[PDB]
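In: Kindly return the folded structure for what I paste below:
(6 chains, ligands or ions: 11)
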Amino acid sequence: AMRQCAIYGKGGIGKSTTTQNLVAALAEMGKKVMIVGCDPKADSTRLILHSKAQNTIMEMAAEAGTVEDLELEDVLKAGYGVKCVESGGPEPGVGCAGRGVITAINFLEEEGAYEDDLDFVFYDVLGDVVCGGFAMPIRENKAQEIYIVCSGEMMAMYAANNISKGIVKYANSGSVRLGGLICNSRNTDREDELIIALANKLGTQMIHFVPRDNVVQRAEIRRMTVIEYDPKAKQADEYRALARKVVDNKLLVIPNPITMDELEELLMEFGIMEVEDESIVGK
Amino acid sequence: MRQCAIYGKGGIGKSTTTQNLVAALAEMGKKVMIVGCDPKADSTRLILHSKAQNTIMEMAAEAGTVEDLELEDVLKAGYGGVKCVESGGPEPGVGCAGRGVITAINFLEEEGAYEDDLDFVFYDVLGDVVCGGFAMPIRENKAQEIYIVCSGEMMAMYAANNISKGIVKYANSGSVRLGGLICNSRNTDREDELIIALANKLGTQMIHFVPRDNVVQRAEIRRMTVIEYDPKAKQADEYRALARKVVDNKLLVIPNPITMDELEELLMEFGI
Amino acid sequence: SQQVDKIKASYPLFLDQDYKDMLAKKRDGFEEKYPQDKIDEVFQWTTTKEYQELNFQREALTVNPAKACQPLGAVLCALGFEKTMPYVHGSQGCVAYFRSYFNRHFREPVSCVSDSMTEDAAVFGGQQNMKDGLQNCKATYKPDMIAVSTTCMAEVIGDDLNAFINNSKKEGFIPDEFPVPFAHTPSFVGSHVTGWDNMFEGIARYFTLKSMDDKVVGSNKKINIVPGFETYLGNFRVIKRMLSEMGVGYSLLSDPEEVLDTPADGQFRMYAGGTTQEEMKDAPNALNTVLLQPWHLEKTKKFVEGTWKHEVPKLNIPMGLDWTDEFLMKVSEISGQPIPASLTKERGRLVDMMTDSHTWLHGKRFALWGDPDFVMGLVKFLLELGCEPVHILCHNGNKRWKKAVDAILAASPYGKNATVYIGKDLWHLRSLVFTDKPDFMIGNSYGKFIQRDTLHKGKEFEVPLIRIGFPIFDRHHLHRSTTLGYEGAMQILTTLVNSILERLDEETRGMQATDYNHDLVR
Amino acid sequence: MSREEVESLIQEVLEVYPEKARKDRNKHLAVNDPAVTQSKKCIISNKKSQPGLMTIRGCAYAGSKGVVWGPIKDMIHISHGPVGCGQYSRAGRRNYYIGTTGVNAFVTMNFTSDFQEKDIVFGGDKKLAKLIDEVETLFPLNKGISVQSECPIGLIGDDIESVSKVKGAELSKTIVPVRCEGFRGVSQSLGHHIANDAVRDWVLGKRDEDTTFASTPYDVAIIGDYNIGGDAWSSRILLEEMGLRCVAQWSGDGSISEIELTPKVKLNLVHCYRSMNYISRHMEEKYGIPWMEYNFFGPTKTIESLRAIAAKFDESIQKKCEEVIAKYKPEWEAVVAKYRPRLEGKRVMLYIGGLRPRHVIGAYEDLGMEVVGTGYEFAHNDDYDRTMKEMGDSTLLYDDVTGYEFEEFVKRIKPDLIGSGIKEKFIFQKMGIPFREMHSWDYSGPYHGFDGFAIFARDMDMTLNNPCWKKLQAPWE
Amino acid sequence: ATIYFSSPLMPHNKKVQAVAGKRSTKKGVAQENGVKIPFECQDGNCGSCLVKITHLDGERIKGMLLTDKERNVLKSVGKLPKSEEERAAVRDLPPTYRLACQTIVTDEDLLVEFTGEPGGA
Amino acid sequence: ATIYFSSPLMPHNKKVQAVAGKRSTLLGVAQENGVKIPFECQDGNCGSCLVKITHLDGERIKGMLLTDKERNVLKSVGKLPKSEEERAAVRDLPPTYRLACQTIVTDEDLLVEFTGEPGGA
Ligand SMILES: Nc1ncnc2c1ncn2[C@@H]1O[C@H](COP(=O)(O)OP(=O)(O)O)[C@@H](O)[C@H]1O
Ligand SMILES: Nc1ncnc2c1ncn2[C@@H]1O[C@H](COP(=O)(O)OP(=O)(O)O)[C@@H](O)[C@H]1O
Ligand code: ICS
Ligand code: CLF
Ligand code: SF4
Ligand code: SF4
Ligand code: FES
Ligand code: FES
Ligand SMILES: [Fe+3]
Ligand SMILES: [Mg+2]
Ligand SMILES: [Mg+2]
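Out: Residues are numbered from 1 along each chain as shown, chains lettered A, B, ... in the order given. Ligands and ions are numbered 1, 2, ... in the order given. Sure, structure below:
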């Protein structure tokens, strides 16, 4: 009854916005969804709760002394009918930046939040690096279906290749598979085709293409999702379209990561990178 | 409300300078509270006119435990409406000598003796060692402003360097800053420029210079602070200048430690 | 299922079919209870002579004992003084048990306080508990005097009450002239009757000793009476009546009958009557001191003889016929007052009752347990009735007491069967009534389980219990009766003969089987 | 109502105390505000008793031997120490059991070490080892031995753990050492914790490697019901009628086998939260067995508890739950129609330690009676969190009430009935106020379930409306 | 009961066997085995014997009584957080820091850490 | 051998009995008992199984061999001071920090602490 999901990608490409809007769209179909913020930025529940920022598990654990005393009700906030939690992170410089994810998922399982009263569970995981904490959901079989937000950017595809390398590494001890690829519009002409080719190289599918819409900013200032701000808008239709094909997704494949050279040749193919030659090197 | 702490080696005039400081401050109509964090309990005698104010530590032991202690029995008002608290230490050899400060400061917060529209809170703290409950104001961010009272002597300057080392350790975890170097005179030649030389080595400006005279000792027999004894005296206005320079001090700088030879060179090049 | 017109309590509600089926399921499914054939085989083995030999080879384990601990007796002694608080130095669990024990027997309020010693007192002693407790008790309940006893916890850690009480007065917790007598009452020495002796000696020594040189013997022309551990309110009243009928001046020391029998009139009297401190100070002025229960008043005898210079007579408990005669004649000689005709008529009515019922009492076998003085007086009265004591048990008896009872049994043809057991508990007695079956038991309510055991073996092996002693929990207002004097002997005789007649009526009630002996006239 | 004069009342009563006692006793008295969810800001509990104020609290030995371990029927419980402790607690609490006493059941018997002066001075553990051998000789059908230590055991220094290990392995039988010395803890409350730990550390994990027990999906274990007057038997029949089968009873009528079979259960039904929350929290952690609190006092709380229990199972159980509610509906409705008119509108002040005060409030309200006062001898602050909503607004709340305080509170409130223990019963009967024993049910009961509500209604009516309460004053007075 | 003592002054951690529940506290166990925990009072009011206790068998944690005297001393040296004070008051579970002269040995395995300095740094 | 596992991720410290010297390492004992030390390689080079080990019975410390692979990984993580390296090379004494996948259980009592994070913070 529960479909554990995770969304990965490079920092600043729109993981939170797309995840919150898709989760808000899911609630319209009567789906019970829970959002777990696995990003140290801790703003992945802003547009659901219409709040400044949700209090993170690390904040209450430190202010109360330990994680044992933490009430589930204080940790889990219900807005729009969908439960919201933020892992948070330790102080920058000490410990592991992904420590909040490890603490939060452990606490949620012990307290009973993860029990199957929800149809969907989503993780907003930072994917700029694959280390302890941020790769813990993959390692500990806590997110069966992974969706990668990727743009037509060299760094965005590089992170997408790195996350797929993490999935195959744990493909023989768990059921973690790659659900699809989300393309967010970087206002790049060849980018929708560029990610289609990347998914074919990786062996997966482009689950959708999200166009850059300025109506998202108008909902972001409101601390609100696009679908509730303007249900009749076409941006809410794309988010609705993304929601249906996420539920209807059945292609959960073990990806085939590509090398650095194959990434570069794929960039030069679509004209973002120019055609390089070996005889024009010294000048 | 500004929380300040007076640190320094034992015996350089740390108490009387603080008593006359807030005597002048209350003459301006300000509401100042004095907390004695010295195991010696004479830090508030000259503003209460008493033999020895009953310490919080003595009262708790006599009356069971600190829970049974009442705020009125520990907070006594003096001249100028100054709130007076005295926290003694334990007997020698019985545990940490600084437990009195921890018990008293926690007690004052629990009873809410700070929120009563107080302007200034002053901690007169032993500075011979920076550890236990004596370092507690710096450790727990209790006193944001810190003034070191020192003289032109190795031990007094060594104590000033040690407190500055304590400020650096806890600078990142709270706004505890070195405010200035209160300098008192033991009537030695070239002392004003010597301490100023130490201050600019730290990078923190000296607050004011306090020369020695017999007027404070005539007041000591009275048990009444110089300012309230005779407001027209030379030193009576001199603490006014020291108080005015304290309330209007806008620059706080993190200290940088000075090595042993560096301090020795500073003392030697002054002809001492 | 309940009918609103006939509501059933636990008995016989759980005898319904649905409850019977539920209990059968519970035990068969999860209990793993031994087979009923095995249970019956083990039960029968416990009723045999080979089990008794195994039973009487016990040293470390004691089962179903017949004694309490010392501070229980100390509280009862302290309750007999006017406006006095019993104060137990130690853990609060003792006082809750002491009060409940006496509440269930007397069905009356029992006032006692503790200083509530805990782990910090275990580590650092209980001096601070004494100081605060003494001040708290005096301010709140306003006693005229506080009597201090000890819990086993305070005895093990060596808390000395003299220094603690003295330090309480010199530091202002209580006034220096407030009377605080004390006694050490270790629960691992003796029993509850010993605690009564300890507390009484401490209260007596607290008032008389510093004033001893002034006192002279016989000046006040009264006789001191020390009752001891007494849980029958009629035993206090009968001694007062007999001495006041003789015109004898007397001072009952530690008489609690008033505080234990307060009237219900919309008001709760926390203190009632009790001996005044005055009578304790004037006690060494008496002609002599009489101890009603000498065998647990030994430490008091040393103080009264040594300090007060009273020649305490050698008297037994005034139980039965012969010993009530000796008590009255000794009192007459001491006080110089003759025995009046009222006590002569009362004695003759007891003899009249003895001859009327001697036919039904002759040769009956009795097994009895109780405190030393009570047991000896009961055995003596049984011999005077022609009854045969068979098993005499005293869990708090010594070798000297056991020798004195044997001499009493030797001087009568009805004590041939009787044997005296000291240090034996009621599990030993259960073996005795199985292998050497008597007709009846005489003891406290703990013997009701022995009667239940004997009935399980069979109706012809059942030994009915007669309830005389302390504590009696399953009957109401039996604490109001008397066991001393001629009046106490009449009440005991009536109980004994009518228990025999009740048992005989039950055995001959079967129509056409045994009811040929169901006589109207007995 | 009238919280202003209750606050005034609390102040006048406390004027007799010294300053030290007056300061502490003020923290333990409060006026009820049902809107409060955190009682720590209104009342303080689980503290030491003030010396010499006639507290009603017991000791840790009472909480462990007398409450938790004693009801277990096929085990032999040794009162280690002097003779006093086991004698005063022998058969003084009624826990109903089905057995042959002295053969396979030993609840009403007193096994003790009977410490003397030589045992206080010279060891004491050699006597314990010898005692265990005699128990095996004379009581061979016993299924375990527990050593309940009294005050001197920890004060002289004794190792009852080693004797339990050495003799337990030698005789192949479970010996449970319990360090329930009375001076440990401030009341009976710590006795429950100590007893629960001994169950967890020596008994509960016995049948871990075993899998020969056939378990159904409807397995439930009763926890925290000690069968006072047959209370647990009344509760068990309703659960059985609902389809559920109960493997274990803790610990009224309990057996050593049921305790060991508890970790093979799908749902732990906790009645007494105070005494058995420690072991149910352990079982949820180790075996993953969920637990919940239920209430079988009165029909309103019984129906609410039965439906909540059925909601944890499939729909066959819920249909069966509707059957037992309909079957018993005319029974308790006839009880209310008979007894509520006589009891309507009358005020009751209740003082019991731990679970019963909050628990009995509903059953009283089912008869039109209003609880003016609720108090606990040894409840913690989590128990007071649970009772502020159950109590009415501006009602008196007390914790560890002294003998003086309770008398003063009663003569000002003047309730129509008081429910407390034996130590208070005879004080208030001299004062002309009807009194019901709320620990022992005044040797009546049971009070749980629908069968116990009829008895409860009859009992309250028989005492409150008794003719004897109109004759306290003499006609010439 | 097995107790493991640990201190920077001790070259090696010391393992001892102790009898639980003795009136002599952990201070007693330390002194028989020559463990140099500083003991500078006989009334339990200094903080000199402050130690850190770790329950190695986390399942076998015994409920105890935090005495009001020990509680106030632990607060006077800043070693009793509010969450641990509430846990002792409600759940009767021991705090992390204890006073050795006031700590009763229980039937479990414990790791006792001290620095050689009195409580309060 | 008695092993006590401790971690902030663990509500209670876990006590286990282990057979000393098994080909299966500390990682074996942890995995059989459900202790969630992060294991992220099969060649012993990632260093994610870093644990802090305390010998509770200091008298019973067993000499062992610190292999060149474990030593180099501990340097790459930074959990190997120069004095501990010299102690292992000269006295064959184990360092404070170990890799659980490369640690052989010995016949003593051990306290194993981990944070749930890979070696290298
Ligand atoms: N569908 C969209 N159309 C236009 N702008 C978007 C869209 N989604 C996100 N953005 C913008 O991108 C910025 C970063 O997105 P965000 O979700 O914070 O990135 P991250 O994936 O790091 O959470 C936001 O300021 C937001 O305004
Ligand atoms: N401004 C001053 N002029 C002259 N003498 C002073 C002055 N201030 C302090 N003294 C003397 O120096 C001594 C310092 O002691 P005091 O200030 O009371 O305690 P502390 O040791 O805390 O400084 C006093 O005995 C006082 O007589
Ligand atoms: S165990 Fe407790 S005092 Fe929960 S020690 Fe006490 S047979 Fe009371 S309110 Mo007597 S926590 Fe049981 C109790 Fe309640 S003995 Fe009985 S009635 S439901
Ligand atoms: S608090 Fe509890 S009941 Fe009290 S003793 Fe201690 S374990 Fe026991 Fe038994 S024997 Fe008599 S009554 Fe006490 S004083 Fe020594
Ligand atoms: S594992 Fe990754 S997130 Fe954690 S400290 Fe190392 S680099 Fe940072
Ligand atoms: S920290 Fe300082 S004040 Fe405390 S005991 Fe050590 S030296 Fe003394
Ligand atoms: S030695 Fe002073 S508190 Fe322990
Ligand atoms: S698991 Fe990778 S180094 Fe041990
Ligand atoms: Fe009565
Ligand atoms: Mg984000
Ligand atoms: Mg001074």
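In: When you work out contacts or count neighbours from here on, use the C-alpha atoms and nothing else.
Out: Will do.
In: quick one: contacts for the residue nearest in space to the middle of chain C?
Out: Relative to the mean C-alpha position of chain C, the nearest C-alpha, by CA atoms, centre = their mean, is the one of residue C:470, at 4.1 Å. With CA atoms under 8 Å, 6 or more residues apart in numbering or on different chains as the criterion, the residues that contact residue C:470 are C:105, C:231, C:370, C:443-445.
In: Which of those fall in strands?
Out: The members of those that map onto strands under DSSP state E are residue C:443.
In: Now neighbour count and distance to residue C:477 too, for the contacts of residue C:470, in TSV please.
Out: Conversion of these to TSV gives the following (neighbours: other CA atoms under 10 Å in any protein chain shown; distance: CA to CA, whole Å):
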residue	neighbour count	distance to residue C:477
C:105	19	9
C:231	23	12
C:370	24	19
C:443	23	16
C:444	21	14
C:445	19	14
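In: Pick the one among the contacts of residue C:470 closest to residue E:112.
Out: Using CA to CA, the shortest approach to residue E:112 within those belongs to residue C:105, at 51.2 Å.
In: ok, now how distant is the closest one from residue C:478?
Out: In this view, residue C:105 and residue C:478 are 9 Å apart by CA to CA, to the nearest Å.
In: cool, and residue C:373?
Out: Separation of residue C:373 from residue C:478 (CA to CA): 20 Å.
In: How about the residues of the stretch 1-150 of chain D by chain B?
Out: Counting by CA under 8 Å from any CA of the partner chain, the residues of the stretch 1-150 of chain D lying close to chain B are D:20, D:23.
In: hey, where'd the helices end up in the stretch 1-150 of chain D?
Out: D:3-13, D:19-26, D:60-61, D:84-88, D:117-121, D:125-138 (DSSP state H, counting those that start in this stretch).
In: any idea what sits nearest residue C:264, other than its immediate chain neighbours?
Out: Spatial nearest neighbour of residue C:264, excluding adjacent residues (CA to CA, 6 or more residues apart in numbering or on different chains): residue D:430 at 4.3 Å.
In: Report how many residues lie close to the one you found.
Out: With neighbours defined by other CA atoms under 10 Å in any protein chain shown, the count for residue D:430 comes to 20.
In: I'd assumed residue C:261 was in contact with it.
Out: No. Shown here, residue D:430 and residue C:261 do not form a contact pair, counting by CA atoms under 8 Å, at 11.0 Å.
In: Overlap of the contact sets of those two?
Out: Overlap between the contact sets of residue D:430 and residue C:261, as judged by CA under 8 Å, 6+ apart, is nil.
In: Name every strand pairing with the host helix or strand of residue D:292 and say which way it goes.
Out: Taking DSSP states H and E as the criterion, the element that holds residue D:292 is strand D:291-293. Sheet pairing of strand D:291-293 (DSSP bridges) gives strand D:267-270 (parallel).
In: contact partners of the strand it pairs with?
Out: Residues beyond strand D:267-270 that count as contacts (CA under 8 Å, 6+ apart) turn out to be D:219-225, D:276-277, D:280, D:289-294.
In: Next up, the contacts around the closest residue to ligand 6 within the stretch 201-350 of chain D.
Out: Using CA to the nearest ligand atom, the closest approach of the stretch 201-350 of chain D to ligand 6 is made by residue D:278 at 39.6 Å. Taking CA under 8 Å, 6+ apart as the definition of contact, the neighbours of residue D:278 are D:193, D:196-197.
In: which among those residues end up buried?
Out: The neighbour-count criterion (16 or more other CA atoms under 10 Å in any protein chain shown) marks D:193, D:196-197 among those as buried.
In: Chain E: which of the helices of the stretch 1-150 of chain D is closest?
Out: When those are ranked by proximity to chain E, the top entry is helix D:60-61, at 11.0 Å, counting by CA to the nearest CA.
In: what about that closest one and ligand 4, any contact?
Out: Yes. Using CA under 6 Å from any ligand atom, we find that helix D:60-61 touches ligand 4 at residue D:61.
In: is ligand 3 contacted by that helix?
Out: No. With CA under 6 Å from any ligand atom as the threshold, helix D:60-61 lies outside contact range of ligand 3, at a closest distance of 9.8 Å.
In: how about the helices of chain E, start to end?
Out: E:26-32, E:68-76, E:82-91 (DSSP state H).
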